[PDB]
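Enquirer: Shown below is the structure under consideration.
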Amino acid sequence: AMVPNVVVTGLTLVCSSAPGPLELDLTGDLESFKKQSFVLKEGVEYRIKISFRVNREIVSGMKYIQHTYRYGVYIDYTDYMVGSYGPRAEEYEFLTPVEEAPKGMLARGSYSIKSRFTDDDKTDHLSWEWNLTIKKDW
């Protein structure tokens, strides 16, 4: 111990009509993501996929949280129940239900997302910030 129990490894934006992969390596330098962004075409359906491993013991009440900002203004809170996961060699993948990108010129542009992977004990398994850009086109 300081053998971590949970290691959050990746964020993926799942979108069938995206021209390429939208992935964050969460084992890297988390700061660099603030000077990067993922593009989504306005109005499209997507899901967020969180890749994580459990090394030692059963974690209950896992939870994925997203705080969404536009120019530093707080505009949405979304949390998803992830559930209970036991230790395993193979990484787990949590997928959100379907979300939809907003639509219209006024809703276009870059949004800031503060992500948190936590649980019933409020453990900070991993906290990170990334950007989502909504455009007219890919």
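How things are named: the first chain in the structure tokens is A, the next is B, and so on; residues count from 1 in each chain; ligands count from 1 in the order shown.
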List every residue of range 24-69 of chain A that has an atom at most 8 Å from any atom of range 73-94 of chain A, giving for each one its closest atom pair and the distance in Å to one decimal, counting only C-alpha atoms, sorted by chain and then by ascending residue number, as CSV.
Expert:
```
residue,atom,partner,partner_atom,distance
A:49,CA,A:94,CA,5.5
A:50,CA,A:94,CA,5.1
A:51,CA,A:93,CA,4.6
A:52,CA,A:92,CA,5.4
A:53,CA,A:91,CA,4.6
A:54,CA,A:87,CA,4.7
A:55,CA,A:87,CA,4.9
A:56,CA,A:87,CA,5.2
A:57,CA,A:87,CA,5.3
A:58,CA,A:86,CA,4.0
A:59,CA,A:85,CA,5.5
A:60,CA,A:84,CA,4.2
A:61,CA,A:83,CA,5.0
A:62,CA,A:83,CA,4.8
A:63,CA,A:81,CA,4.8
A:64,CA,A:80,CA,5.2
A:65,CA,A:79,CA,4.3
A:66,CA,A:78,CA,5.3
A:67,CA,A:77,CA,4.9
A:68,CA,A:76,CA,5.1
A:69,CA,A:74,CA,4.6
```
Enquirer: What's the 6 Å shell around residue 13 in chain A, counting only C-alpha atoms, without same-chain residues fewer than 4 positions away, as a ChimeraX atom specification?
Expert: /A:22,47-48
Enquirer: Keeping only C-alpha atoms, write the selected residues to a file as a compact mmCIF listing (two decimals), in the first residue's frame.
Expert:
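So out_18.txt came out as:
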```
# COMPACT_ATOMS: atom_id res chain seq x y z
CA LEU A 22 -11.02 10.59 -29.14
CA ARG A 47 -21.03 8.20 -24.78
CA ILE A 48 -18.09 8.63 -22.39
```
Enquirer: Skipping near chain neighbours, those fewer than 3 positions away, what residues fall within 7 Å of residue 43 in chain A using only C-alpha atoms, listed as a JSON list (two decimals) with C-alpha atoms, in the first residue's frame?
Expert:
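The resulting selection.json:
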```json
[["chain", "number", "residue", "atom", "x", "y", "z"],
["A", 100, "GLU", "CA", -26.03, 14.51, -27.24],
["A", 101, "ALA", "CA", -23.87, 17.45, -28.32],
["A", 102, "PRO", "CA", -25.79, 20.78, -28.22],
["A", 103, "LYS", "CA", -26.94, 22.41, -31.47]]
```
Enquirer: If you run DSSP on this backbone, which residues of range 1-134 of chain A come out as strand (DSSP E or B), and could you give them as a ChimeraX atom specification?
Expert: /A:6-14,23-25,38-41,45-54,59-70,73-85,92-95,99-100,109-118,126-134
Enquirer: For CA of residue 96 in chain A and CA of residue 35 in chain A, quote the distance in Å rounded to one decimal.
Expert: 24.9 Å
Enquirer: So which bits of chain A end up helix (DSSP H, G or I) when you DSSP the backbone, as JSON, numbers by chain?
Expert: {"A": [31, 32, 33, 34, 35, 105, 106, 107]}
Enquirer: Between A:120, A:40, A:23, A:71, which is the closest to residue 10 in chain A once you count only C-alpha atoms?
Expert: A:23
Enquirer: Check the smallest atom-to-atom distance from each of A:4, A:39, A:33, A:119 to residue 19 in chain A using only C-alpha atoms, then report the winner.
Expert: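 Closest residue, counting only C-alpha atoms: A:39.
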Enquirer: Need the shell around range 126-137 of chain A: protein/DNA/RNA residues with any atom at most 6 Å away, counting only C-alpha atoms. Skip same-chain ones fewer than 5 positions apart. Format as number ranges by chain?
Expert: A: 33-34, 37-42, 108-117
Enquirer: Nearest to residue 107 in chain A among A:138, A:70, A:14, A:121, with distances taken over only C-alpha atoms: which residue is it?
Expert: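 Checking each of A:138, A:70, A:14, A:121 against residue 107 in chain A, counting only C-alpha atoms, the winner is A:70.
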Enquirer: Write out as an mmCIF file with C-alpha atoms, in the first residue's frame the residues lying within 7 Å of residue 125 in chain A, counting only C-alpha atoms and excluding same-chain residues fewer than 4 positions away.
Expert:
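Result file selection.cif:
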```cif
data_model
loop_
_atom_site.group_PDB
_atom_site.id
_atom_site.type_symbol
_atom_site.label_atom_id
_atom_site.label_comp_id
_atom_site.auth_asym_id
_atom_site.auth_seq_id
_atom_site.Cartn_x
_atom_site.Cartn_y
_atom_site.Cartn_z
ATOM 1 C CA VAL A 6 -8.096 1.787 -8.299
ATOM 2 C CA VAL A 7 -6.033 3.199 -11.201
ATOM 3 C CA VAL A 8 -8.038 5.292 -13.719
ATOM 4 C CA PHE A 117 -13.930 9.143 -10.611
ATOM 5 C CA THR A 118 -15.019 8.445 -7.027
#
```
Enquirer: Using only C-alpha atoms, can you tell me which of A:36, A:11, A:72, A:123 comes closest to residue 24 in chain A?
Expert: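 Smallest separation from residue 24 in chain A among the options: A:11.
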Enquirer: Please indicate the distance in Å from CA of residue 3 in chain A to CA of residue 95 in chain A, rounded to one decimal place.
Expert: 25.9 Å
